[PDB]
Ligand SMILES: CC(C)C[C@H](NP(=O)(O)CNC(=O)OCc1ccccc1)C(=O)N[C@@H](CC1CCCCC1)C(=O)O
Ligand SMILES: [Ca+2]
Ligand SMILES: [Ca+2]
Ligand SMILES: [Ca+2]
Ligand SMILES: [Ca+2]
Ligand SMILES: [Zn+2]
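In the authors' numbering, the protein residues as written are 1 to 316.
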């Protein structure tokens, strides 16, 4: 909408106060004009018609319980935009400052979030498996990264290419979480998953097997559930990424860690310059090796560590 840029204040899902960029025109709308061609957050009002209505608020104060998922979807989309712009010189998900749209309060008791091809969508959770999912910065960044993937490598959402797609979203979700630097970890969704259980998460990149996901290619899922295991076999790539960044010895293979920033550079380059819609894990290894070679040189530690990490997870 046309209006003037304003700054509201509110509380997120976890009860933390934050400022949000809004737009004033009669109402204060969750429309952040400070980033690209805008970040827009919508109320799906417990229904499934999308996007719903651009979030309107009378007073620019967003402290109601109903407001909290919108506050966080809006704010964390901003953080994610900043990560891609500041760290990777990428302007929004399409590289041309496409408007970023999110809807919250999607459906009833909805234990998921997704990119629907055009926008991000967040359930509120059922209060048992999840609280409103936009409360997780890694979740928000995971979802926006799906849009980045779809505009770049285009990894088909099934089997190995789909597991790479998932891992890319977990990797950049985690790197955005570290970028914001509030309780960062290599776990996925811990801030919104299972409010009645402390210390768990939906997935772990550092130890995927803690939640039943494979951490070695020899343990990959080959069945048909979950689009051929896209959220399962992502553990193999997540583990490789964790090892590249943090190092470790895994199934006897030692990996010299090179840190998060270089992980992000290598995988961003792989995603945007080498991966294709049909890339498999072996092709991801090759893309990551080539990306590290481009960035750091063929004889570099970074290239050696990429190879070690993929070796450690059984991907040649
Ligand atoms: C970071 C997470 C908090 C959210 C993440 N969402 P996503 O990958 O974007 C969902 N991807 C999806 O919807 O692709 C389908 C599609 C394709 C095309 C258009 C529209 C949609 C995820 O990991 N979801 C898990 C959550 C499980 C939770 C336990 C119960 C089981 C589910 C899953 O879906 O398996
Ligand atoms: Ca208000
Ligand atoms: Ca965390
Ligand atoms: Ca996390
Ligand atoms: Ca929990
Ligand atoms: Zn995903």
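Each residue gets a CB set at the ideal place from its N, CA and C atoms; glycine is no exception.
Which residues bound the beta strand (DSSP E) around residue i?
i           : result
residue 19  : 17-25
residue 8   : 4-11
residue 113 : 113-115
residue 272 : Residue 272 -> no beta strand (DSSP E), and no H or E assigned at all.
residue 100 : 100-106
residue 198 : Per DSSP, residue 198 belongs to no beta strand (DSSP E) and is neither H nor E.
residue 323 : Given a span of 1 to 316 for the chain in the structure shown, any question on residue 323 remains unanswerable.
residue 255 : 253-255
Would you mind reading off the limits of the alpha helix (DSSP H) that contains residue i?
i           : result
residue 261 : 260-269
residue 285 : 281-296
residue 41  : Segment 39-43 is the beta strand (DSSP E) holding residue 41; no alpha helix (DSSP H) there.
residue 250 : Taken as a continuous stretch (DSSP letters only), residue 250 belongs to no alpha helix (DSSP H), being part of the beta strand (DSSP E) at 248-250.
residue 169 : 159-180
residue 310 : 301-312
residue 228 : 225-229
residue 156 : Segment: none, residue 156 is in no alpha helix (DSSP H) and carries neither H nor E.
residue 36  : Careful: residue 36 lies outside any alpha helix (DSSP H) and carries neither H nor E.
residue 85  : 68-88
residue 150 : 137-151
For residue i, count the other beta carbons within 10 Å of its own beta carbon; 16 or more makes it buried, fewer makes it exposed. Which is it?
i           : result
residue 225 : exposed
residue 90  : buried
residue 122 : buried
residue 47  : exposed
residue 240 : buried
residue 223 : exposed
residue 182 : exposed
residue 58  : exposed
residue 119 : buried
residue 92  : buried
residue 19  : exposed
residue 276 : exposed
residue 195 : exposed
residue 117 : exposed
residue 159 : buried
residue 188 : buried
residue 63  : exposed
residue 299 : exposed
residue 52  : buried
residue 41  : buried
residue 15  : exposed
residue 282 : exposed
residue 198 : exposed
Do residue i and residue j have their C-beta atoms closer together than 8 angstroms?
i           : j           : result
residue 163 : residue 109 : no
residue 22  : residue 6   : yes
residue 32  : residue 78  : yes
residue 100 : residue 39  : yes
residue 152 : residue 272 : yes
residue 72  : residue 135 : yes
residue 37  : residue 161 : no
Report the residue from the options whose alpha carbon sits nearest the alpha carbon of residue i.
i           : options            : result
residue 318 : 50, 68, 112, 315   : Residue numbering for the chain in the displayed model covers 1 to 316; residue 318 lies beyond these limits and cannot be assessed.
residue 65  : 301, 113, 131, 29  : 131
residue 278 : 98, 285, 155, 254  : 155
residue 127 : 105, 263, 25       : 105
residue 103 : 313, 50, 221       : 50
residue 253 : 140, 234, 17, 309  : 309
residue 208 : 150, 177, 271, 238 : 238
residue 296 : 261, 272, 312, 281 : 261
residue 313 : 236, 198, 259      : 236
residue 148 : 165, 139, 53       : 165
residue 339 : 76, 28, 75, 281    : Because residue 339 is not part of the residues shown, which for the chain are 1 to 316, the question remains open.
residue 61  : 17, 41, 301        : 17
residue 185 : 284, 113, 15, 242  : 242
residue 190 : 25, 140, 311       : 140
residue 25  : 257, 180, 54       : 54
residue 214 : 206, 197, 233      : 233
residue 256 : 150, 37, 212, 301  : 301
residue 206 : 227, 167, 221      : 167
residue 115 : 124, 150, 1        : 150
residue 178 : 157, 259, 96       : 259
Practice task
For the stretch 286-302 and the stretch 256-273, state whether three or more C-beta atom pairs, one from each stretch, are separated by less than 8 angstroms.
Solution key: yes
Exercise for the section: Would you check if there are 3 or more beta carbon pairs closer than 8 angstroms linking the stretch 131-146 to the stretch 79-89? Expected result: Contact holds: three or more Cβ-Cβ distances are below 8 angstroms.
Handout entry: Cβ contact check for the stretch 247-264 and the stretch 299-309: 3 or more pairs under 8 angstroms
Key = Segments in contact, yes.
Problem - Inter-stretch contact at 8 angstroms, needing at least 3 Cβ pairs: the stretch 171-179 / the stretch 197-204 - result: no
Problem - Inter-stretch contact at 8 angstroms, needing at least 3 Cβ pairs: the stretch 9-21 / the stretch 68-83 - result: yes
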